[PDB]
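[1] show me the folded form of this:
(12 chains)
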Amino acid sequence: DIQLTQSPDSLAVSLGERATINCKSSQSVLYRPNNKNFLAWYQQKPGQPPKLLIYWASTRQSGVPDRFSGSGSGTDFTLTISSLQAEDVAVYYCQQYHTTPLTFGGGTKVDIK
Amino acid sequence: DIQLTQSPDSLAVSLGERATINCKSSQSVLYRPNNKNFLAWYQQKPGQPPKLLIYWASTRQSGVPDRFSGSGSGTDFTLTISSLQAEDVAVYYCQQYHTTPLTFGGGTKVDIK
Amino acid sequence: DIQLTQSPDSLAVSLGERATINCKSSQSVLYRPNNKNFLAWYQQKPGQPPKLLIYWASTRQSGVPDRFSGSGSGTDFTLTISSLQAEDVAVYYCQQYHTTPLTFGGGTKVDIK
Amino acid sequence: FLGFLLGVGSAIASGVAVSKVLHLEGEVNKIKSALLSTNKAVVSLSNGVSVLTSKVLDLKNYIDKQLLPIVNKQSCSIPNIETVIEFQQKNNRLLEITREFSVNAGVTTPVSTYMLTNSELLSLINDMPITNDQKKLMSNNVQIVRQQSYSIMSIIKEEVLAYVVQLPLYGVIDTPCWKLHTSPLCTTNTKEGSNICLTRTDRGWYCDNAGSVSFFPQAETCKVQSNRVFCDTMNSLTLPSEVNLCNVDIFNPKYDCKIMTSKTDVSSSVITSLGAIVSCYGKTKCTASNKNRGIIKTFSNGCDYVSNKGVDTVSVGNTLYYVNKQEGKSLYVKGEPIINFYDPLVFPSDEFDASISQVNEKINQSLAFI
Amino acid sequence: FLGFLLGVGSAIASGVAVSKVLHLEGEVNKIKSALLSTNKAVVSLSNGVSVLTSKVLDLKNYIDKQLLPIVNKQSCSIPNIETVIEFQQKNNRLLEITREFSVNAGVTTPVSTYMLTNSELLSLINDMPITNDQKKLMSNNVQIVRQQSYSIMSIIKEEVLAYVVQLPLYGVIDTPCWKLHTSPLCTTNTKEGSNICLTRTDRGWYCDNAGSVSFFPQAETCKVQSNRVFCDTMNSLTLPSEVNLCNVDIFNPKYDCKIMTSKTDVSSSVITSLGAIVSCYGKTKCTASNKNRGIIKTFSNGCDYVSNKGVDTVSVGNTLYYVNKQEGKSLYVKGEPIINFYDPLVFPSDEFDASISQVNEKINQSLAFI
Amino acid sequence: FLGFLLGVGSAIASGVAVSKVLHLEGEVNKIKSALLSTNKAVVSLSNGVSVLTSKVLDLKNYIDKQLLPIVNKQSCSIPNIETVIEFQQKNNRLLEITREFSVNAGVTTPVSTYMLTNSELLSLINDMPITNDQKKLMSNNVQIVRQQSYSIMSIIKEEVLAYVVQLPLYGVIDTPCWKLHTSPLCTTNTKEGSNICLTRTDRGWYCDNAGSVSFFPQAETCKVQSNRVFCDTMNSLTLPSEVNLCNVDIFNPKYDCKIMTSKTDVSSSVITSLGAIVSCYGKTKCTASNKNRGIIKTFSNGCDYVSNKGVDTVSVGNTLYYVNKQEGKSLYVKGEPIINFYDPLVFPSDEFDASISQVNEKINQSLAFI
Amino acid sequence: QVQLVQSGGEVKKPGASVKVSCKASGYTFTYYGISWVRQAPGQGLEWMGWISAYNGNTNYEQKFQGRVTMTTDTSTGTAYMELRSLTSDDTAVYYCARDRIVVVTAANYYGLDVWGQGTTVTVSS
Amino acid sequence: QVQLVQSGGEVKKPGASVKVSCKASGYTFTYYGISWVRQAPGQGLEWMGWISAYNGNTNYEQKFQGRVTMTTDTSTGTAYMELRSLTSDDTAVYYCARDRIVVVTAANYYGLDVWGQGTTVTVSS
Amino acid sequence: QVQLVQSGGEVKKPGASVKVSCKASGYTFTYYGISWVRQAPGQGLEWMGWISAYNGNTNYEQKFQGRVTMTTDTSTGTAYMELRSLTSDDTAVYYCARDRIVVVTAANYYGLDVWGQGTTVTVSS
Amino acid sequence: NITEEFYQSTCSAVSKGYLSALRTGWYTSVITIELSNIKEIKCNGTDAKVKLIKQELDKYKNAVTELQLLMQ
Amino acid sequence: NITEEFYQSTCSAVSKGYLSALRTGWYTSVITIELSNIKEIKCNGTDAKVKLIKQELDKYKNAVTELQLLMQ
Amino acid sequence: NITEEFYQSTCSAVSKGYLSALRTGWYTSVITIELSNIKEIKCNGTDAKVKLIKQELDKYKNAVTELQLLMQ
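    Numbers count the residues shown, from 1 in each chain, chains lettered A, B, ... in the order given. Let me share the structure:
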């Protein structure tokens, strides 16, 4: 299996500041036939299901605000929030769908100072 | 070369009883481009040429009685007679055509108790 | 890089005699996708640019006299002149173009005894 | 696109056969004796086939009884000019028939009114050994029967000029029929050479027939009058009914739907029965316009559809199409285009005679390596 | 070769639409009232469309005022034979019209002189709401207007027989146009099965239109009279102007030129406007001959071109072609054939709907392995 | 299937050329002077070409000598009605000619009897500078000469209306010719998508010609009368004689036989000259029936053949074909289908312009890996 | 609108079984698979299994092998999750998520792009 | 009927040469190869060589290299196998068997499906 | 006639820069690359760099990296050779040679089949 | 009556509501014309009506001859 | 006027110098014929001219009936 | 005469016994009609025969004019 680890476990960022979350996998998640990194970033709010923010290496789901971005490849991936806002207070997860089972990340909580 | 060995050298089976012959090769006879085991089973009677009973892994030549069957793969193959009859008293050979030379088996003689 | 060495450095051949030049490379110059040895033989005269005599393993450029020939493969190649003439007094170079940089040979000078 | 799958037949093969029987000794004499006192009869030939025979024109009677007797033999002078006119009329039809045959090397299609007038064709239809429903169907749409008929020159001997008329026989009528129009479905990326496409190649007419479906790929051959479709079974393929499932589920496991694949993205319009499909790709500007309000819709990149309720014309690039104003009801089934499912990197292009399963196998054979 | 890329339209869709309006109650009465005292009028139908209406023949007047009054009712005997002849003339046209409709199932193309005589067509052209340049263009080349027109049977009721004539509208005239002829370029190696080849599939007509190019792949459909080319925009594709660059640089980075690849090298000739392209391959003997001096040129293996200045015929194998003797100036642009660039070992063959970039991608995907 | 390999020619290119010469000053006057006292002459034009000229109709003589003199100038009244009728006859042909030209934009094919009557065409054939064998061949099959001829409107000036008739020239006659019919050969496995097929694409006509073979892929263009085949060399390819070997050995080393490959197995029938080939696949029911005994044969899955000796019709699915009843002898050559030789796993499908060597190379390139 | 709707929350006793429904709307149900994800209170997402709606192929988590059953009803377009031998560790929120496209081989699959609203299951006495 | 017919038995002296014929019927002779198999009295089959009837390509056994010659006559469709320097070990029964299809690359290999009746060769004084 | 024509010889002082022109004739200039080869007096050929005339891609020798600049003018079909910081070693004869085609992938190479007449550059005081 | 359904997933339209008329077979009939074997009248004269009749009879004979050539 | 350029590299010819006439639209017009509703005259007689007129009127009525069948 | 051979191995039939007639070339001839340049007669009257002649002459002139337009 491919275990995913997130850093930091908890994040505190002031309004309008950047927010960085790092996700690392025990194995490479690159899909060789199409040369795509099968990693996804979701956000979850209390009483709501997770919503897909980032899929593949760095691609934004339609309707996702432009502030969210993805980066990294191979073994380390990064989720970046350009300017944290009030509505962005949520728990962020990284998952891999390169091979079953689909192992989600530990989860990072973002709070406003 | 690929040497083929048969077991047993002589076989004695009563009428209507299952008969088993084992053929083993020093090398694999699998044809990689089409994933087929190039092994064939023939039977020969006194004063007659060999007749093709089984070709490929387990395929019956048209007109061969349904009692004859083939099985096995990789390195061990098996010829099975569901119910030995009087007309089935013959010498059975296994031969490989995966690569030249075509090495026939030692030959197994089937007799009725 | 692929360094090319020529032998002999200087050559003296009488008129109407054979002229042999050997070219050796530190690495193979075979172009695997088309199975071609990317080596070329040029001749140069005082006050003139080099002219292409042989390209690929052994192919003659259009208009080149039939006496010039190429041979060899893998690591050693040979340029052969069937009958040296007065107009063939020139400096011969063996070049490669399998991979950059294009390293020319040391150069062999042919003289008439 | 699938017209190359059709077999090869011979349309006049039957008719010529009867023509051949007509060259055998005694047959012309038999037909002549049968029509001695009547202009319509049924004759059984040497091979036993029963055929309707008709005498449409009788030039012998007029020439030998109404022209020669009334002319003198010493200083001939015809008493009346009208006789000449009558002759010109009566001979005219014959001349016309000859002209047509000379143009068509003895086999003329469609059958003109000189070969077989409307009344004679209707009488033949009435006398044909078919059901009353077929008689009513073909008694109507006489122009379609003419367009689907042949006229074969057979023989001229013993003062008898005989030719063969080969009429259609509609053994399958009133069964459900439908038409499939397909246009190209391409991805709509920005880069010119990064887009991949697929069209369904099974366009054409489909008709229920004896528990199967007759498929006519060349929909131009089929003739549509109102809601009736006249189609020739020669240019058809027999398919299982499950082909209809391809309309409701292109990825259904029962039938393998035929498609083509390409990397060429061009804008084009397919004018359907009750609307128009528009494939706007590129910098091409596609619009739909009404004769009163002018431009009423502007199409974005992709495949769209507009009915003819308010739309009168559709402009794709420099081309302008008029839509059919036939009354009907149109439905729009929204769904994600299947083109978006395929990965452009492993998408097999330049496939013409393919299908969904064949394309899947081709993709899976590119993942044989790696 | 690209005729499969075209969309599907309906040529009579507009005309039939007007025909349909003609079945609505009151429309025939409106047209009849409009032409009560005149043989030409403009009528606005229920939907508001304004159409020119003409009365070409008036059989009612002749039949009811010049035939019935002059015949007695007791022992009828017409005083003059000429009357009969006149009737035969006046009815003849009507009969012909009916015949054509019966042949064509109510839709006839091209429009004959019975449906619309030369004078009537010229009057309609003059009365059409178009510019004077279009009137001059179509007033000329009347045969092309006839060949591009339709005649739709609409209605016969209330002693009025009305049909619909659908004439072309040339909105784009006098813009530059050119034709592309392509033949096959193969390596002329000695061995029979060692030859790779390539042909350009973009043959056909190209015309400047509203900042783009209309491309007609079936050059047979377009009709050329002198230096004027009449083309139907329905059978066309809208392309960027950069396609012209493919004529001057097949490997230009602006446009991807469409080609096809094969391994079959057969000798043929393409007769162009001002000459002939000859592809001579294998042991076929190709020559160019003049009617006076006999054979004047012998082609070697490869693709060559001969103008019509001194060449009258070209023989390829067992085929003999006559070249067009239209006056013009021909230019020969010498250059290395591009087929020599490709490596035969990695050359992708049996590609029909491909291009330069697609072939390059296919070659680069064969160098994915190795 | 190989009709795309043909070159492009211009059928009227020769005729129009002569038409052009006719516009040069003095040429019409030369032809007029040559036919001053005769209705047939030979004229050498400015370029030196010798052409037969004929005067088919002389309206000038009748109009100026038989119509104007007999009418008075004060209160004109023609003495006789017959004159009018004569005029109507003599003008009629001219009118018809004009009508045809107006329909066809000055180039009409086939040539009708108005343009050139049977007697005039026979006289032209007799006066043509050809061998007696060609004169006998074309004096017969006059309808084929008409169907292969063109009529080009050239000029109307100086009271002379001149047009150009372009007749065929058969330089190759009585050489052996044969026809090849191909249907598809598929491996009749039970599973729907596990079947691979091959069809030969070289169907059509072949004819010995000057030590080579002329191949006509569109067998519909060729016209067969009895055992004579009239074919246009323009739509032909020159091939070596070794192509005939493909009929006796598809794997012969001399010639590479062309084939196509597919994975779609549909049932269809090809009606040949002396029988019918039936490809029955899937659950389709194929039968052969006689008009007397009804169904006489039921085909199993695969490709079979039935002659026309006892078979009258063949039913494939919902299609019914009539076989040609032309007398002949049929032979059946039993052999193992070649489709069974190929491995379905490595079979290359969706190949159209391929051959047996090309398919072998494609299979060997799939065994490049592994 | 592409959406998944799940059944209401349930209260169960230990040793019982629970059935969770997930109806799909706004898209062709048989073109995609369905994954089931469990989330315990104050814990991350846990993947349980994936069922293909095209042919019924199922792939279960190793921990849940033999204990969970997934079924597909193409008539109503509904996926059903069933769990047996419930314990105090099985009280959690279950989500159904749309998964990869199964009708096209090597299709583009952007992950679990559509999620259900969630069904809460409480196992207590 | 697909069949192979061989010549009659022969008696030879040591040091001589023997020619064995095998005519094919019921199938296209040039589409397949022909293998020659030797069987000694009371012993198993021994493969000797294979000759392609399409282009004449030959593949001989290592033990028989330089000693046996196989030829193909496409006019009569007959395979000939000749052996030189006969000894007391040559006396055996020789069979001709139809072999793989040589006109199609990677064609279906079902083995030696057609066999000849057999020719007995006795080497004695 | 396929040919390359170079500019005349130049005399330069150390520390200066030299521009060498090479105009192509008889062939499509943009279909091929251009290589620059330097030859010192009494020494073998030395490769300096290669510039593609299709898109301007350049590949320089490691020894000349950052010191030599090659440009292509498609309007006049002229390639160039600019060298900076000339020393007493630079003095040599420079040749421009046509290289493999830059429009077809894996095209036939043929080596440097067309060469320029050569431009002599002398660096001295 | 006539209905149409457009599918955006496959970019294809299906038009239903039509009724079939499939030509499955052929029916053959013989149409005959009774011709006359009489040649042109041997009479000669200056009358115009008899000349018109002679011209029409020549047209009829030419048509018969052309038909005979077609058959042969 | 008309010029032609042959390219040996691509084995293709381009002929220029032509002027365009592209059919971009359709213009529809209605052509009408005033017919008569009168049937055949009830009069009977032995005159040949009235019989010719009756035959022509029968042809006219048949044409009208055929047109009516076409429309229906 | 005509024979046919069916091959089951390739599922193909060959029909032999036909004789060739290949069109290899073209023969061009000129067909001319002597027209009249006379216009309509200036005479006027109430006679019906002269009106029929005038109508026929108008048809002839219209045909000539159409031919002239075709040529131009």
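[2] the strand or helix carrying residue D:151 vs chain F: in contact?
    Here residue D:151 sits within strand D:150-157, counting by DSSP states H and E. No - counting by CB under 8 Å from any CB of the partner chain, chain F has no neighbours in strand D:150-157; the shortest distance is 9.7 Å. For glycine as for every other residue, the C-beta is placed from the backbone atoms N, C-alpha and C.
[3] show me what that strand is packed against.
    When contacts are defined as 3 or more CB pairs under 8 Å, 6 or more residues apart in numbering or on different chains; DSSP states H and E, strand D:150-157 sits against helix D:13-21, strand D:107-108, strand D:160-182, helix J:48-71.
[4] so residue D:364 lies in a strand, does it not?
    No - looking at residue D:364 with DSSP: H, G, I helix; E, B strand; the rest coil, it is helix, so not inside a strand.
[5] next, the contact list for it, please.
    Residue D:364 makes contacts with G:105-106, as judged by CB atoms under 8 Å, 6 or more residues apart in numbering or on different chains.
[6] just give the closest residue to the residue in chain D that chain E sits nearest to, not the sequence neighbours.
    Scanning chain D for the residue nearest chain E gives residue D:317, at 2.9 Å (criterion: CB to the nearest CB). Excluding its sequence neighbours, the residue lying closest to residue D:317 (CB to CB, 6 or more residues apart in numbering or on different chains) is residue E:238, at 2.9 Å.
[7] what helix or strand is the one you found on?
    Here residue E:238, judged by DSSP H and E, is contained in strand E:237-239.
[8] pull up the pairing partners for that strand, direction included.
    strand E:212-216 (antiparallel) (DSSP bridges).
[9] what does the partner strand contact?
    In contact with strand E:212-216 (CB under 8 Å, 6+ apart) are residues D:317-318, E:2, E:172, E:202, E:204-207, E:222, E:231-233, E:235-241, E:243-244, K:22.
[10] could you dump the helices and strands packed on strand D:150-157 into TSV with mean neighbour count added?
    TSV is the format used below for those (neighbours: other CB atoms under 10 Å in any protein chain shown):
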stretch	mean neighbour count
helix D:13-21	22
strand D:107-108	20
strand D:160-182	22
helix J:48-71	18
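[11] and residue 93, what element?
    Using chain A here. strand A:91-96.
[12] you looked at the wrong chain, it should be chain G
    Counting by DSSP H and E, residue G:93 is found in strand G:92-101.
[13] residue contacts, the residue in chain J positioned nearest to chain I?
    Taking CB to the nearest CB, chain I has its nearest neighbour within chain J at residue J:11, 33.3 Å off. Residue J:11 makes contact with D:182-185, D:199-200, D:277, D:279, D:303, D:337, according to CB under 8 Å, 6+ apart.
[14] wait, residue D:103 sits on residue F:110?
    Yes - counting by CB atoms under 8 Å, residue F:110 is a contact partner of residue D:103 at 6.1 Å.
[15] who does residue D:178 bridge with?
    Bridge pairing for residue D:178 - DSSP bridges - gives residue D:206.
[16] shouldn't it be in contact with residue J:16?
    Yes - counting by CB under 8 Å, residue D:178 does reach residue J:16; the two are 4.4 Å apart.
[17] in terms of helices and strands, where is the closest residue to residue A:11 other than its chain neighbours?
    For residue A:11, ignoring the flanking residues on the chain, the nearest one in space by CB to CB, 6+ apart is residue A:110 at 4.8 Å. In the assignment (DSSP H and E), residue A:110 maps to strand A:108-111.
[18] packing partners of that strand?
    Strand A:108-111 sits against strand A:10-12, strand A:91-96, with contacts defined as 3+ CB pairs under 8 Å, 6+ apart.
[19] I would like the residues contacting the last one, please.
    What that stands for is strand A:91-96. A:2, A:4, A:6, A:21, A:23, A:25, A:29, A:38-45, A:50, A:53, A:77, A:79, A:102-105, A:107-110, G:44-45, G:111-112.
[20] tell me where chain G has strands.
    G:3-6, G:10-12, G:18-25, G:32-39, G:45-52, G:58-60, G:68-73, G:78-83, G:92-101, G:119-123 (DSSP state E).
[21] wait, which of these is closest to chain E?
    Of all those, strand G:92-101 comes closest under CB to the nearest CB, at 24.0 Å.
[22] now residue A:17: phi and psi?
    phi -110, psi 160 (degrees, to the nearest 10).
[23] how about residue D:267, nearest residue that isn't a chain neighbour?
    residue D:284 (3.9 Å).
[24] now do the contacts for the one you found.
    Residue D:284 touches D:267, D:316-317, E:238, counting by CB under 8 Å, 6+ apart.
[25] from those residues, which is closest to residue G:92?
    Ranked by distance to residue G:92 (CB to CB), those are led by residue D:267 at 52.2 Å.
[26] and the gap between that closest one and chain H?
    44 Å (CB to the nearest CB, to the nearest Å).
[27] and that residue, what is it in contact with?
    So residue D:267 contacts D:278-282, D:284, D:286, D:316-317, E:238 (CB under 8 Å, 6+ apart).
[28] do stretch J:17-36 and chain E meet at all?
    No - for stretch J:17-36, no contact with chain E is found by CB under 8 Å from any CB; the gap never falls below 13.6 Å.
[29] residue contacts, the residue of chain J at minimum distance from chain G?
    Chain J approaches chain G most closely through residue J:9 (7.5 Å), counting by CB to the nearest CB. Neighbouring residues of residue J:9 by CB under 8 Å, 6+ apart: D:250, D:333, D:335-338, G:28.
[30] that one should be in a helix, yeah?
    No - counting by three-state DSSP, residue J:9 is not found in a helix; it is coil.
[31] ok, and the closest non-adjacent residue to it?
    Per CB to CB, 6+ apart, closest to residue J:9 is residue D:335, 3.7 Å.
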